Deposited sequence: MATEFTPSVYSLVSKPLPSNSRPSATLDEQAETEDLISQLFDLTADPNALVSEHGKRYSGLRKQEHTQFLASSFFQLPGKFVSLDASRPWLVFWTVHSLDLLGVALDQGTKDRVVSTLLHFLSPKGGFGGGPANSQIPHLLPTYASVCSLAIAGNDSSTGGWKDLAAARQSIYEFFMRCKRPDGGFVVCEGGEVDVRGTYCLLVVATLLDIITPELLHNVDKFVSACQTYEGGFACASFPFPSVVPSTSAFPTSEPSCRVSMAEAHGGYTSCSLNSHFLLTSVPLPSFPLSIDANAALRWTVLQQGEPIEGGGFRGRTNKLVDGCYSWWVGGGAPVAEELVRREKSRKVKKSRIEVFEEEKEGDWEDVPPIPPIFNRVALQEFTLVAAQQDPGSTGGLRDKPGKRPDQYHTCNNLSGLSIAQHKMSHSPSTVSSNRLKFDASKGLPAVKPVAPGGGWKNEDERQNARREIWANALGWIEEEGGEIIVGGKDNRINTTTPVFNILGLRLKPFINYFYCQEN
């Protein structure tokens, strides 16, 4: 099960060769190699039973990490004002990390989480980064708030889910005000346009049963054109209009071509693969426009670092490894792998990245040094924070548990779906903007629901480096919440049981 996932300690560590051509990139790379490899040399190999005397023990320090996150439920120092427009993310990073670590919140604390987030919800539609009397709605806080309510809420009158259900029409209307004719979305009124917005919006629309044809038009084309010559995805694509020199450069619904606007990055590659995957559930004709899945898988695996850098992932070519890309790049691997599997199936098994080395990076390099604040971090030399704690642990989960999208599970889901149950259909902004009829709408609901619940952990595919006390819970690819949160949440909004 580990034939093709060699431990970092079993491989020869050597620097990236210089070719006798120094540059600023190489100076920074070599300095980082020395930082990571020195910490590995001080740390007992997690795979050994005879832990060397005098060497640091790499076990996951779950109680230190729990106490690190505990400040979220009391108070954060003044320096966090830099995240005052992202407080739903502070909630999400905390409550999802506790789910992964296996630590339960009591009901009173969950009720405080629910109440805080509901004060961020505007009657006109969507969540902001703070109270609705202070901040306007934003697509990224809307994703973080919705996922946090999946983790901490419930179906009772104080559980927050009924407020989400009542807000479905207004949230949909917010999503349509964000929509551009070329398939992009602004993240907020007057805000930037990139695949982070598309990803956050498609997750929420999928979970709350508010997808329509008018919402999705050109969304597949925007995302597909973000793929670069390296195989990963950039932040956005530019729509050039039908007429060369134009009096306007504002996006149009029928551009002559689209061009990606920057280099492939793990964060935008994660958002693009996940968005594309969500779109493949939608039964529209010749939709979604395809991507080059093999190139995206190749890009994904090429970002895993060498043994001297501990087998962590970097975010882009010739930059540095960083624990948070365990989720952004590592968590895209099962999505890319499934899309490759479908391509091979249409034209007519070993792990795809080093699942062992990624765990060794998490345990050895990404944990705060023992006996201290706890928390996980980017790399040695960096302070831990809630964002690296969440994303280190989410990526560790994908490495520990072999995830795949199961066609037979999706078939079973279709067989059990009850199309006579559901919340009221959203009213489209344009008269012809909805599904053509009720047969079409119910078929769409069935496919989107059944595929959202199609991810499974493969029996016998578990690999827990360092022993079973390092095991954390299983996150879901695409949504990044536990399956035991996803299922009752999405079932509530589709009225399934």
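Chemist: Taking the deposited sequence as numbered from 1, list the residue ranges that were left without C-alpha coordinates.
Modeler: Residues missing from the model, as numbered along the full deposited sequence, span 1, 350-370, 520.
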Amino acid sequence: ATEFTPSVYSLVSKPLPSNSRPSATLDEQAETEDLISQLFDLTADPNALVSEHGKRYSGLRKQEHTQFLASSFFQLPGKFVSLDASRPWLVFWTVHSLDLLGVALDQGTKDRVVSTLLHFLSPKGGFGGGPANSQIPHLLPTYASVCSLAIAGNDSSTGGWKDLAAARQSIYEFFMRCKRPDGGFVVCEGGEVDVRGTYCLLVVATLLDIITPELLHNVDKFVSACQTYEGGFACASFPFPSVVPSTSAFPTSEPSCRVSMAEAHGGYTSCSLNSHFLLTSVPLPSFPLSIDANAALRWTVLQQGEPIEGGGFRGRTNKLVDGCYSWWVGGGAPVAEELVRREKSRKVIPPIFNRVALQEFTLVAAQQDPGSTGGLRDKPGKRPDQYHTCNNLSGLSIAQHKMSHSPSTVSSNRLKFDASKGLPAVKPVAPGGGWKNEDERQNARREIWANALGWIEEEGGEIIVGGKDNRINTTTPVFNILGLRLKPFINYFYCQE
From here on, numbers count along this sequence of modelled residues.
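In this text, rigid core is short for the largest set of C-alphas that superpose within 1.5 Å between two forms.
Chemist: How do 72-80 and 132-140 compare in 7 other deposited structures of this protein: which one has C-alphas farther from this form after the rigid core is matched?
Modeler: Taking the RMS over all superposed structures in 7 other deposited structures of this protein, 72-80 lies farther out.
Chemist: Taking C-alpha RMS after core alignment, which stretch differs more from the shown form in 7 other deposited structures of this protein: 42-50, or 29-37?
Modeler: Clearly, after the core fit, the stretch farther away in 7 other deposited structures of this protein is 42-50.
Chemist: Using a one-third cut-off over the other compared PDB entries, is residue 158 one of the residues left without coordinates?
Modeler: Modelled in all the others, so no.
Chemist: Is residue 250 without coordinates in at least a third of the other compared PDB entries of this protein that model the residues flanking it?
Modeler: Residue status for residue 250: gap in at least one third of the other entries.
Chemist: Which has the higher mean CA temperature factor in the PDB entry, 25-33 or 48-56?
Modeler: Result: 48-56.
Chemist: Higher average CA B factor in the deposited record is what I'm after, so tell me if that's 274-282 or 413-421.
Modeler: 413-421 has the higher mean C-alpha B-factor.
Chemist: Just grab whichever of 198, 248, 400, 318 has the top CA B-factor as deposited.
Modeler: Each of 198, 248, 400, 318 was compared by C-alpha B-factor; the highest is 248.
Chemist: Can you tell me which third, lowest, middle or highest, the CA B-factor of residue 12 falls into for its chain?
Modeler: Tercile = highest for this residue's CA B-factor.
Chemist: When the modelled residues of the chain are sorted by Cα temperature factor, does residue 173 land in the lowest, middle or highest third?
Modeler: Tercile = middle for this residue's CA B-factor.
Chemist: C-alpha B factor of residue 300, ranked within the chain: lowest, middle or highest third?
Modeler: As the PDB entry reports it, the C-alpha B-factor of residue 300 lands in the lowest third of its chain.
Chemist: Quick check on the deposited entry: does the C-alpha B-factor of residue 494 sit in the lowest, middle or highest third of its chain?
Modeler: Residue 494: CA B-factor falls in the middle third of its chain.
Chemist: If you rank the chain by CA B-factor, which third does residue 208 end up in: lowest, middle or highest?
Modeler: It falls in the bottom third of the chain.
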